[PDB]
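Visitor: Below you will find the structure I want to go over with you.
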There are 12 protein chains.
Amino acid sequence: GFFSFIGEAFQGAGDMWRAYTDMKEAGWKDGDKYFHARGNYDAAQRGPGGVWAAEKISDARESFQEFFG
Amino acid sequence: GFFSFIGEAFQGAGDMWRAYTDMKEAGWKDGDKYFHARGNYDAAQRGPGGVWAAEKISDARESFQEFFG
Amino acid sequence: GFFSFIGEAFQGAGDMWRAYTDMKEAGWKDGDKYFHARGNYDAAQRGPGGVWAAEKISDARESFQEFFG
Amino acid sequence: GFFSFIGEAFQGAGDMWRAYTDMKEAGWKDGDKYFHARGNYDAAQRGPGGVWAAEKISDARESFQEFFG
Amino acid sequence: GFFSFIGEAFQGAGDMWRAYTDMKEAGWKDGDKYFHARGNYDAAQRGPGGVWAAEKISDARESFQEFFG
Amino acid sequence: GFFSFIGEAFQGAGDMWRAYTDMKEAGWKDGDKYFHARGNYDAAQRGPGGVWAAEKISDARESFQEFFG
Amino acid sequence: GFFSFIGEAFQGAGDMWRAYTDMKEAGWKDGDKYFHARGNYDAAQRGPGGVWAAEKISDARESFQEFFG
Amino acid sequence: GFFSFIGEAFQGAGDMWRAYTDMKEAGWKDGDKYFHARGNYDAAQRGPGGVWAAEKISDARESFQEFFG
Amino acid sequence: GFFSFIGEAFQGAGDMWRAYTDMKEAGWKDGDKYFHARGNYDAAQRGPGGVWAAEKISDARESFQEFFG
Amino acid sequence: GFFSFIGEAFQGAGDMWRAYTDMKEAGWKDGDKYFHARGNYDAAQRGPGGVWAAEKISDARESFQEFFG
Amino acid sequence: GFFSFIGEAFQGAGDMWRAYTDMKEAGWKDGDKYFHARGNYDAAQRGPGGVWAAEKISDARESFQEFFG
Amino acid sequence: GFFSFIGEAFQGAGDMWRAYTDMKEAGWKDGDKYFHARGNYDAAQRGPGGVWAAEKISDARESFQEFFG
């Protein structure tokens, strides 16, 4: 079992990034979730970058290179 | 089992990025979710970048290269 | 089992990016979801970039290259 | 089993990007979903880029190259 | 069992980054979650960078290199 | 069992970064969570950097190098 | 890269079942190989059985069944 | 990189079941190999059985079954 | 990198079941290999059985079953 | 890097089951290898059994079962 | 790095089951290896049994079961 | 680094079950190895049993069970 959560440059109000992986005879309740935004400036910003999602990189030679100038 | 969640440059109000993977005799309730936005400036912005989604990269030679100038 | 969720430059109100993969005798309820937007400026923006979706890259030589100028 | 969800430059209100892959004797209810937009400017924008969807790239030589000038 | 949560440049109001992995005869309740933002400047900002999500990198030679200039 | 939580550059109000891993006949309640922000300047900021999430790096030669200039 | 060698019921003298998969500036020499057989009884025998050679079986339902009576 | 060698019911004299997978500026020599057999009885024998060679079996339901009576 | 050697019911004289996987500026010599057999009885024998060679079995339900009667 | 050698029911004379995985500026010599057999009875015998060679079994339910009667 | 050697029911004369994994500027010599057998009875015998060779079994439910009657 | 040697029911003459894992500027010599067998009875015998070779078993439920009757 592999679980990898990664969050960047985000604004939230609730109930995020959760992993439930074994749960017998379980019960739960969540409530209301409000996002209210007025008059903001430059919220939720991210620069450049690549996103590599794999289950297994093997014998990667001279690979996975990112250059920023 | 492989689970990979990656979030960037996003604005949210609730109930995001969740993984439930084993659940017998389970029960749950979620509530209302409101997004209210007025008069914002430059929200939810992302720069350049590539998104590679694979299950297995093998013998990648001189590969997976991104250059930014 | 492979599960890869990747989200970028997005604005949301609820119930996103979820993976349920094993669930016997399960039950659930979700609520109303409202998106209300007025007078915004430059929301949900993304720069350039390629999206590679594969199950297996093999012997990729001098491949998968993106240049930004 | 391969599941790859990738979302970019999008605005939403609810119930998106979900994967249910094993579910015996299951039951669920979802609610109403409202999108209300007035007077916005430059919402849901994306730059250039190619979308490669495959199940297996093999011996790709000097391939999969995108140049931006 | 592998669980890796990593959060950066984010603003929140509640109930984030949680892992429940073994829970028999369990029950829980969560409350309302409010995000209220007015008149902010430069919130939720992130610089450049790549995100590598794998389950196993093997024999990576001269790989996984990022240069910032 | 592996559990790794890492948080950076984030502002919060409650109930974050929690791991529950063995819990039989358990019960709990959480309360309301409010985030209220007005007139701030330069909140939730992060510099550059890469995020490597793996379950096992093996024989990595001359790898995993990041240069900042 | 996939390499699967399977040998059964065979008699040999040399230089069998070899896989060379990456070799730059390499050199090698092999010698003479003699098989001499006289007066044997019941050499190199195999019973029944099917040989399935594929690169990927998917959603095989109630399939790949061999019965021996 | 995947390498799987399986040998059964075989008689040999030398230089079998070898995998060379990375070798720069390499050199080697092997010698003569003699098999001499006289008057044997019941050498190199194998019973029944199927040989399944794949690169990936997925969602195989009630499959891959062999019965011996 | 995956290397799996499995040998059964075999008679040998030398230089078998070898894996060389990284070797720069290497050199080696092997000698002569003789197999001499006279008058044997019931050498190199194997009973029934199936040989499954894969790189990844996923969600195999009620599968991979062999019955011997 | 994964290396798994398993040997059963075999008779040998030398230089078997070897793994060399990192070797720069190396050199070696091996000698002659003789197998001489006369008048034996019931050498190199193996009973029934299946051989499963994979790189990763996932969510195997009620699978990989062998019955001997 | 994973190295697993397992030997059963075998007769040998020399130089078996060796793992060399890091060796710079190394040198070695091995000698002659003789197997001489006459008039034996019931040498190198093995009963039933399955051989499972994997790099990672995950969420195996009610699996990997062998019954002997 | 993982090294696991397990030997059962075997007869030998020399130079077995060795692991060399770090050796710079090393040198060695081994000698001749003789196996001489006459008139033996029931040498090198093993009963039933399965051989499981993995690098990581995870969440194995009601698994890895062998019954002998």
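Each chain in the structure tokens gets a letter, A, B and so on, in the order shown; residues start at 1 in every chain, and ligands are counted from 1 in the order they appear.
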May I have the residues within 7 Å of residue 9 (chain L) as a ChimeraX atom specification, using only C-alpha atoms and disregarding those fewer than 2 positions away in the same chain?
Guide: /K:8-10 /L:44-46
Visitor: Output the selection as a tab-separated table (two decimals), in the first residue's frame - N, CA, C and O atoms for each residue.
Guide:
chain	number	residue	atom	x	y	z
K	8	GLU	N	18.11	-26.03	-1.77
K	8	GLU	CA	17.51	-27.20	-1.07
K	8	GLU	C	17.77	-28.50	-1.84
K	8	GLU	O	17.88	-28.44	-3.07
K	9	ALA	N	17.93	-29.61	-1.12
K	9	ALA	CA	18.05	-30.94	-1.77
K	9	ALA	C	19.17	-31.03	-2.80
K	9	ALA	O	19.04	-31.86	-3.71
K	10	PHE	N	20.25	-30.26	-2.66
K	10	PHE	CA	21.28	-30.26	-3.73
K	10	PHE	C	22.61	-30.84	-3.24
K	10	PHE	O	22.90	-30.77	-2.04
L	44	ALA	N	21.20	-36.19	0.89
L	44	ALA	CA	20.61	-34.95	0.32
L	44	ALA	C	19.10	-35.05	0.14
L	44	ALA	O	18.60	-34.71	-0.95
L	45	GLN	N	18.37	-35.34	1.22
L	45	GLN	CA	16.89	-35.51	1.13
L	45	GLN	C	16.15	-34.35	1.82
L	45	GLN	O	16.64	-33.87	2.87
L	46	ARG	N	15.00	-33.92	1.27
L	46	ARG	CA	14.20	-32.84	1.83
L	46	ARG	C	12.73	-33.20	1.74
L	46	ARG	O	12.29	-33.77	0.74
Visitor: Show me, as a ChimeraX atom specification, the residues of chain K whose atoms get within 10 Å of chain A, using only C-alpha atoms for the distance check.
Guide: /K:57-59
Visitor: Do you know which residues are at most 6 Å from region 27-34 of chain L counting only C-alpha atoms, after dropping those on the same chain fewer than 4 positions away, and could you put them as a PyMOL selection string?
Guide: chain K and resi 13-14+26-34
Visitor: Using only C-alpha atoms, please write the residues we just selected to a file, as a PDB file, in the first residue's frame.
Guide:
ATOM      1  CA  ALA K  13      31.485 -29.716  -5.129  1.00  0.00           C
ATOM      2  CA  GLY K  14      32.344 -26.033  -4.958  1.00  0.00           C
ATOM      3  CA  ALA K  26      39.629  -6.550  -7.380  1.00  0.00           C
ATOM      4  CA  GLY K  27      41.208  -9.779  -8.628  1.00  0.00           C
ATOM      5  CA  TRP K  28      40.667 -13.448  -7.935  1.00  0.00           C
ATOM      6  CA  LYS K  29      41.393 -17.002  -9.035  1.00  0.00           C
ATOM      7  CA  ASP K  30      39.431 -20.205  -8.503  1.00  0.00           C
ATOM      8  CA  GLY K  31      40.559 -23.778  -9.033  1.00  0.00           C
ATOM      9  CA  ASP K  32      39.320 -26.991 -10.586  1.00  0.00           C
ATOM     10  CA  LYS K  33      36.125 -28.581  -9.321  1.00  0.00           C
ATOM     11  CA  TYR K  34      35.449 -32.309  -9.572  1.00  0.00           C
TER      12      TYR K  34
END
Visitor: Could you pull out all residues of chain D with a DSSP call of strand (DSSP E or B) and give them as a PyMOL selection string?
Guide: chain D and resi 2-8+11+16+19-20+23-29+33-38+45-46+51-53+57-58+61+65-68
Visitor: Give me, please, the distance in Å between CA of residue 51 (chain C) and CA of residue 65 (chain D), quoted to one decimal.
Guide: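 Atom-to-atom, CA of residue 51 (chain C) to CA of residue 65 (chain D), that is 11.8 Å.
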Visitor: Could you give me, as a PDB file with C-alpha atoms, in the first residue's frame, the residues within 12 Å of residue 50 (chain G), counting only C-alpha atoms and dropping anything in the same chain fewer than 5 positions from it?
Guide:
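Heads up, here's the output in selection_8.pdb:
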ATOM      1  CA  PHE G  64      -6.867 -19.971 -18.911  1.00  0.00           C
ATOM      2  CA  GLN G  65      -7.945 -23.342 -17.623  1.00  0.00           C
ATOM      3  CA  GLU G  66      -6.342 -26.671 -18.329  1.00  0.00           C
ATOM      4  CA  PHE G  67      -7.752 -29.961 -17.096  1.00  0.00           C
ATOM      5  CA  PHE G  68      -5.814 -33.220 -16.963  1.00  0.00           C
TER       6      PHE G  68
ATOM      7  CA  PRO H  48       2.617 -32.315 -17.170  1.00  0.00           C
ATOM      8  CA  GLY H  49       2.122 -28.586 -16.747  1.00  0.00           C
ATOM      9  CA  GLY H  50       1.356 -25.319 -18.488  1.00  0.00           C
ATOM     10  CA  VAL H  51       3.717 -22.414 -19.094  1.00  0.00           C
ATOM     11  CA  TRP H  52       2.194 -18.912 -18.860  1.00  0.00           C
ATOM     12  CA  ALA H  53       4.527 -16.112 -20.000  1.00  0.00           C
ATOM     13  CA  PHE H  64      -5.334 -19.457 -14.373  1.00  0.00           C
ATOM     14  CA  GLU H  66      -4.945 -26.161 -13.732  1.00  0.00           C
TER      15      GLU H  66
ATOM     16  CA  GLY I  49       3.476 -28.233 -12.121  1.00  0.00           C
ATOM     17  CA  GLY I  50       2.778 -24.967 -13.891  1.00  0.00           C
ATOM     18  CA  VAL I  51       5.198 -22.116 -14.518  1.00  0.00           C
ATOM     19  CA  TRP I  52       3.746 -18.581 -14.316  1.00  0.00           C
TER      20      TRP I  52
END
Visitor: Might you pull out every residue within 9 Å of residue 36 (chain A), with only C-alpha atoms counted and same-chain residues fewer than 5 positions away left off, and present them as a ChimeraX atom specification?
Guide: /B:13,34-38 /E:34-38
Visitor: Please list as a tab-separated table (two decimals) with N, CA and C atoms, in the first residue's frame every residue within 6 Å of residue 25 (chain C), counting only C-alpha atoms and excluding residues in the same chain fewer than 5 positions away.
Guide:
chain	number	residue	atom	x	y	z
B	24	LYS	N	-15.57	-1.98	5.11
B	24	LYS	CA	-16.71	-2.95	5.11
B	24	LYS	C	-17.73	-2.50	6.15
B	25	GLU	N	-19.02	-2.54	5.81
B	25	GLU	CA	-20.06	-2.04	6.75
B	25	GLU	C	-19.68	-0.62	7.19
D	25	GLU	N	-22.69	-4.47	-2.95
D	25	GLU	CA	-23.74	-4.03	-1.99
D	25	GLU	C	-23.42	-2.60	-1.53
D	26	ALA	N	-23.38	-1.65	-2.47
D	26	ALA	CA	-23.07	-0.24	-2.13
D	26	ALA	C	-24.27	0.66	-2.48
Visitor: Please provide the set of residues having any atom within 7 Å of residue 42 (chain B), restricted to only C-alpha atoms, with same-chain residues fewer than 4 positions apart removed, written as an MDAnalysis selection string.
Guide: (chainID A and resid 41:43) or (chainID C and resid 41:43)
Visitor: Keeping C-alpha atoms, export the residues of the selection given above as a compact mmCIF listing (two decimals), in the first residue's frame.
Guide:
# COMPACT_ATOMS: atom_id res chain seq x y z
CA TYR A 41 -4.84 40.07 -4.53
CA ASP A 42 -2.49 37.32 -5.79
CA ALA A 43 -3.94 34.34 -3.93
CA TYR C 41 -10.27 38.84 -12.59
CA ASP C 42 -7.82 36.21 -13.90
CA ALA C 43 -9.13 33.14 -12.09
Visitor: Quick one: pull the distance between CA of residue 22 (chain H) and CA of residue 61 (chain A), Å, one decimal.
Guide: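 Between these atoms lies a distance of 11.8 Å.
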